[PDB]
Amino acid sequence: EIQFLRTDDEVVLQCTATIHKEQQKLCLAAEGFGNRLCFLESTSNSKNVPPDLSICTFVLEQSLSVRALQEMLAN
């Protein structure tokens, strides 16, 4: 009944802002071409300004354990 985040699923990372006693919802965005630095795209003001979700989505490839990751990195 409750869905589980599984690998190969496309997701967006959202964080909440409490600036000046206002709940602002922001997503983690990055433009791979050009500036590699990540920035935030606001999604709480979708009524006034459309969010650019095209560059805020990530795909979860692997969910290896810590020990399995260490063995990966050793080998």
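All Cβ positions, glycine included, derive from the backbone under ideal geometry; neighbour counts span all protein chains shown. Values in this text are rule-based calculations from the coordinates and carry no lab data.
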The stretch 62-69 - phi-based ³J(HN,Hα) in whole Hz, Karplus 6.51/-1.76/1.60, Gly and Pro as x: 10, 9, 5, 6, 5, 5, 5, 5
Quick one: order 19, 55 by neighbouring beta-carbon count within 10 Å, fewest to most. 19, 55
Estimated vicinal HN-Hα couplings, Hz - the stretch 10-26 in sequence order (Karplus 6.51, -1.76, 1.60; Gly, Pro = x): 8, 9, 10, 9, 10, 10, 9, 10, 10, 5, 6, 6, 10, 8, 9, 9, 10
If each residue's Cβ is checked for other Cβ atoms within 10 Å, how do 4, 58 rank with the fewest at the top? 4, 58
What is the dipole size for the chain, taken about its Cα centre, with +1 at each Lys and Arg Cβ and -1 at each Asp and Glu Cβ, in debye to the nearest 20? 300 debye
Using 0.36 nm times the number of residues separating residue 11 and residue 24, minus their current alpha carbon distance, what extension gain do you get? 2.8 nm
Residues whose placed amide H lies under 5 Å from that of residue 29, excluding near-sequence neighbours: 39, 40, 41
Helix-only mean residue ellipticity at 222 nm, the chain, DSSP H runs n ≥ 4 weighted -39,500 (n - 2.57), per residue, nearest 500. What is it? -3500 deg cm²/dmol
